[PDB]
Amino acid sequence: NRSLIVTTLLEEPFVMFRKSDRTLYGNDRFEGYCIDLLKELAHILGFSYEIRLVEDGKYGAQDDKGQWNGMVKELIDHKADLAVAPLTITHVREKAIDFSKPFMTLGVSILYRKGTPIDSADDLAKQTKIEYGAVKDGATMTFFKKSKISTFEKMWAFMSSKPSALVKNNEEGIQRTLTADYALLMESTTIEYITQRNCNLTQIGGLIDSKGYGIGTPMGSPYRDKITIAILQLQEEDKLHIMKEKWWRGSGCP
């Protein structure tokens, strides 16, 4: 039947333009962990597909009227059949779209320069010299905004007061940490990737929550269950382990 439309977004090492001299077109343009995962899903389920980068370049957040943007909006409006990305499974997004079981588990943590006394979210929260923030309107910022834990309520109050503390995307955030006394609240699997390529950066503390990435589908999708079975199959075969090693392997870095 018709090829499924896959909405996605550039984010290293999940989805990237592969290197080439000639101008690549169509699906051939892309590589990365999520691309490999998509190829597995397409084979297991037996579908053809066309990858389309989400127009507004966003994952999905609600405005002050409840309207969604990004990949989440693309699924809601049935402009795409699947979202294949590091799309964080959150309760609020589950109200609007369906997710497969997670293909990767992670948690919010801290990216910061190496060799520092800072050791935790508590240390950052109880001072003002070192600035810190998160990707604006991302799943992380949302976690802080909703938190009722004391340390995280204070940190959120800190990000709310300075609009400049938040960053537009991971790239801006990582460079902030490299060019200023700045700590980025960031999903741990990206921190893992970054710290293995930048030896002067490190993760501070542990994971302050636990969450996963899943394949997004519109609510009532005829593919969501089959996708979950496929991911379970891949995990049982150690394929998601192999796939992550393939794409996270970098440098390295003590």
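Numbers for residues come from their place in the sequence shown, where the first is 1. Superpose the two forms; the largest set of C-alphas matching within 1.5 Å is the rigid core.
Peer 1: May I ask which stretch, 164 to 172 or 80 to 88, sits farther from the shown form in 6 other deposited structures of this protein once every structure is superposed on the core, judging by RMS CA distance?
Peer 2: If we average over structures and residues in 6 other deposited structures of this protein, the farther stretch is 164 to 172.
Peer 1: State which stretch is farther from the displayed form on average in 6 other deposited structures of this protein, 93 to 101 or 155 to 163, counting RMS CA distance after fitting on the rigid core.
Peer 2: After the core superposition, the stretch with higher RMS deviation in 6 other deposited structures of this protein is 155 to 163.
Peer 1: At a threshold of one third of the other compared entries, does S251 come out as unmodelled?
Peer 2: Yes.
Peer 1: Can you tell me whether 121 to 129 has a higher mean C-alpha B factor than 105 to 113 in this record, or the other way round?
Peer 2: It is 121 to 129 that shows the higher mean C-alpha B-factor.
Peer 1: Output the stretch having the higher mean C-alpha B factor in the entry; the candidates are 90 to 98 and 139 to 147.
Peer 2: Between 90 to 98 and 139 to 147, it is 139 to 147.
Peer 1: Take the CA temperature factors straight from the PDB entry and tell me which of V84, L75, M155, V167 peaks.
Peer 2: Out of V84, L75, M155, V167, the record gives the largest C-alpha B-factor to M155.
Peer 1: Just say lowest, middle or highest third for the CA B-factor of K19 relative to the other modelled residues in its chain.
Peer 2: Answer is highest: the recorded C-alpha B-factor places it there.
Peer 1: C-alpha B factor of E40, ranked within the chain: lowest, middle or highest third?
Peer 2: As the PDB entry reports it, the C-alpha B-factor of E40 lands in the lowest third of its chain.
Peer 1: Among the modelled residues of this chain, does the Cα B factor of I229 put it in the lowest, middle or highest third?
Peer 2: Lowest third of the chain for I229's C-alpha B-factor.
Peer 1: C-alpha B factor of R29, ranked within the chain: lowest, middle or highest third?
Peer 2: Lowest third - that is where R29 ends up once the chain's C-alpha B-factors are sorted.
Peer 1: Classify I208 as lowest, middle or highest third according to the C-alpha B-factor given in the PDB entry, relative to its own chain.
Peer 2: For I208, the deposited C-alpha B-factor lands in the highest third.
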